[PDB]
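See structure below.
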Amino acid sequence: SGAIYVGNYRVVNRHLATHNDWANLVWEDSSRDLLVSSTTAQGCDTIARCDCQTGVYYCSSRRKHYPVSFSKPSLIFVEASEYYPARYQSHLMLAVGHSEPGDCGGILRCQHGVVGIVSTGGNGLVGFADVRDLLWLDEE
Ligand SMILES: CNC(=O)c1cccc2cc[nH]c12
Ligand SMILES: [Zn+2]
């Protein structure tokens, strides 16, 4: 589990969004596994605006923050999960590291801020849904 809190937006894994998130929906893309909802209170997080390929991610299933190299966001074939059938996931970044389904929402950060959240995993890879292309998160 986990979320990004930037301005009056909450960024969550689409598959973990709550009734409240859907009632207060701003934007969602099933192909990216992202949903953004509106918040009353201001968040503290800064989104990275960069093409960094090194960062650190939180892995709840290890209670550990791991430094990783990761690929640039791309379209990747993702095997079926409990929430999605096997399909191509867009804006996805891969790193060699430990992920379990419950690790989704773990933040990947670089020197510039939040890069994305854990979305996919298994086979010793972790997949992060990029948010850095979502420029509108920084305003309104
Ligand atoms: C929607 N798919 C998931 O819940 C998922 C997310 C992160 C890691 C793994 C490993 C297998 N499935 C995973
Ligand atoms: Zn960066």
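What you see of chain A is 869-1008, where the numbers are those given in Swiss-Prot.
According to its header, the structure was obtained by X-ray crystallography, 1.5 Å.
Each residue, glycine too, has its Cβ placed from N, Cα and C.
Marked as active site, for protease 2A activity by Swiss-Prot: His883 (among others). Taking a C-beta cut-off of under 8 angstroms and a sequence separation of 6 or more, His883 (active site, for protease 2A activity) has the following same-chain neighbours: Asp901, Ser949, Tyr951, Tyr952, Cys972.
Other Cβ atoms within 10 Å of the Cβ of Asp901 (active site, for protease 2A activity), summed over all protein chains shown, number 27. Summarising the annotation, Swiss-Prot assigns active site, for protease 2A activity to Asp901 (among others) and lists similarity to another entry as the type of evidence.
Mapped onto three states, the DSSP output places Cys972 (active site, for protease 2A activity) in coil. The active site, for protease 2A activity feature in Swiss-Prot is assigned to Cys972 (among others); the stated evidence is similarity to another entry.
As annotated by Swiss-Prot, Zn(2+) 1 binding site applies to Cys918, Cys920, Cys978, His980. Annotation note: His980 (Zn(2+) 1 binding site) sits in a coil segment as assigned by DSSP. For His980 (Zn(2+) 1 binding site), the same-chain residues 6+ apart in sequence whose C-beta sits under 8 angstroms from its C-beta are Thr914, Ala916, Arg917, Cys918, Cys920.
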Note = Given the Zn(2+) 1 site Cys918, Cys920, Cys978, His980, its other Cβ neighbours within 8 Å of the Cβ centroid, in chain order, are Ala916, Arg917, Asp919, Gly923, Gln979, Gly981, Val983, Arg1000
